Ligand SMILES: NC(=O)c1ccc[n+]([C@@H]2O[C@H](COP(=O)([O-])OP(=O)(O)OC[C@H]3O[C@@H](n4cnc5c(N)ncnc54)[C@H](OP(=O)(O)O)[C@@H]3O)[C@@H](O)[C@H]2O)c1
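Here you get one chain, nothing else, as structure tokens; it is the form solved without the named molecule.
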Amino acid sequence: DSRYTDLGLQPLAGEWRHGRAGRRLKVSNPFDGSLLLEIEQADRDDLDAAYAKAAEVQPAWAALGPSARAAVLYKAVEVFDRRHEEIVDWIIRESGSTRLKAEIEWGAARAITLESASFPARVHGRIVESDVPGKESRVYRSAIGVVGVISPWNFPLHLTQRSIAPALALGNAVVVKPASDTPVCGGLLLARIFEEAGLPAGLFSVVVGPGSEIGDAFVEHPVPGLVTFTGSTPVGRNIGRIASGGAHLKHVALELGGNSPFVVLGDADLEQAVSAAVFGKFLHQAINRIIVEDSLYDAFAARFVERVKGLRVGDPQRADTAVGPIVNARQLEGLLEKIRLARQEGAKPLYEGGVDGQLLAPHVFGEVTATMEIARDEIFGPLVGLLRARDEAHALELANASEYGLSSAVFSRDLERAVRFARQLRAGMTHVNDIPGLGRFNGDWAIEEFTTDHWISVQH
């Protein structure tokens, strides 16, 4: 039917209204610079109201039967399907993501939502044995209460929904703080979807405000039982201190992005390794460093560069666009700085595409070493370094030098060797020989995350 309108309105304490901060925020398309919409920012009082209301209405939401809460999640899946193109179109225009990656982001969010609908049925308390005669110990598993979610600019919709959908399903309320560049895909859109899906008012608020005023207060506030953030390391690190530093001590769930290594061993299928690297780094769902055994390195570099030159940079609305615009000026300036820093540190430039406004074309460097910043620090854009490895042991040392490892990959025709190498990696996941709810986030992970246990021992 009709596409959502008045997206500038904020869901605050059960009502859709303007924020009272007295300042306007412009939301712009990174590609052509066009004005998408304008938002009246929210002040600190707006934040307090949203947390209070979430706390007030949450018990009644938790009191509902599991099927009732699941009905909302199923209904949200249904809205995802009806507003497919509308959702994808918002992700492209606001975040600057290509249509290919927006479609993937749509699918991921829908899948999380469908998975979460089954979670209420799976929540289970425990009855425990006791040595004391006449004593029964019962453990009740209940919702935490209110969860505060901080959204990134990178994959706002999918990464927001990854916390939002399970938290809500398991009987919590949520308040979300999106990135200033991506308020709509930061949970304003998600809030509209959950409302049409029959979520009671007040359970989901979104606070869009100046980070100077509302920033630290979001974390420090006494109401939230848990604060979740997935994204940048410096941002996450700050969230860490504010949590510990504050008068109240808050549980925080931090998933911090890292430089993730892609390792190609000597016996690897070359063509398959090259395709997987290109899909991983540029086409995307990450990969920030590619390490190749010396015997394969020269041939890998040549073929990789050849494919990367073929990658189409342009308007993200097109289905054939591989590389689109960087989301904002700050991120762009950072990537341009990393390019110049790479040059001074003596990395060999293999391919350098032209920067055209927010469109940063692929940049590939070679002869990289573990100490260079391009190896050490995380990259959020089309810049990647190629490392030479002397042997398997050297490849392992290079891969583990990153220290912080969210993901990894290893390529080798010998599966036994690949798996044995993978096990020595200091990373949470490794993908072996990957050709282009089941995996990663799981119901058991979510239930533990967004519930708490109360041990109640009863003496007869």
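Numbering starts at 1 and follows the sequence shown. We call the rigid core the largest set of C-alpha positions that still match within 1.5 Å between the two forms.
Quick note: we don't show the form deposited with the named molecule bound, though the next part is all about it.
Quiz item: Between the options 260, 230, 358, 321, which residue brings a heavy atom to within 4.5 Å of the named molecule in the deposited bound form?
Solution: Flagged contact: 230.
Quiz item: Which of 270, 235, 341, 123 has a heavy atom within 4.5 Å of the named molecule in the deposited bound form?
Solution: Result of the distance check: 235.
Self-check item: 154, 210 and 256 each touching the named molecule in the deposited bound form (heavy atom, 4.5 Å)
Solution: Yes, each of 154, 210 and 256 comes within 4.5 Å of the named molecule in the deposited bound form.
Practice problem: Spell out, yes or no, whether the shortest heavy atom distance between residue 178 and the named molecule in the deposited bound form is within 4.5 Å. | Solution: Because a heavy atom of residue 178 falls inside 4.5 Å of the named molecule in the deposited bound form, the answer is yes.
Quiz item: So in the deposited bound form, does any heavy atom of residue 226 sit within 4.5 Å of the named molecule?
Solution: So residue 226 does not count as contacting the named molecule.
Exercise. Indicate whether residue 276 is a 4.5 Å heavy atom neighbour of the named molecule in the deposited bound form.
Key: No - in the deposited bound form, heavy atoms of residue 276 and the named molecule never come within 4.5 Å of each other.
Practice problem: Evaluate residue 74 for contact with the named molecule in the deposited bound form, applying a 4.5 angstroms cut-off between non-hydrogen atoms, and reply yes or no. | Solution: No, residue 74 is distant from the partner.
Practice problem: Tell me the stretch among 135 to 143, 377 to 385, 244 to 252, 83 to 91 that has any heavy atom within 4.5 angstroms of the named molecule in the deposited bound form. | Solution: One stretch meets the cut-off, namely 377 to 385.
Quiz item: Considering only 210, 349, 225, 334, which residue exhibits a C-alpha shift of no less than 2 Å between the shown form and the other one, with the rigid core used for superposition?
Solution: C-alpha shift of at least 2 Å: 210.
Quiz item: Is there a C-alpha shift of 2 Å or more at residue 443 between the shown form and the other one once the rigid core is superposed?
Solution: Yes, shifts by 2 Å or more.
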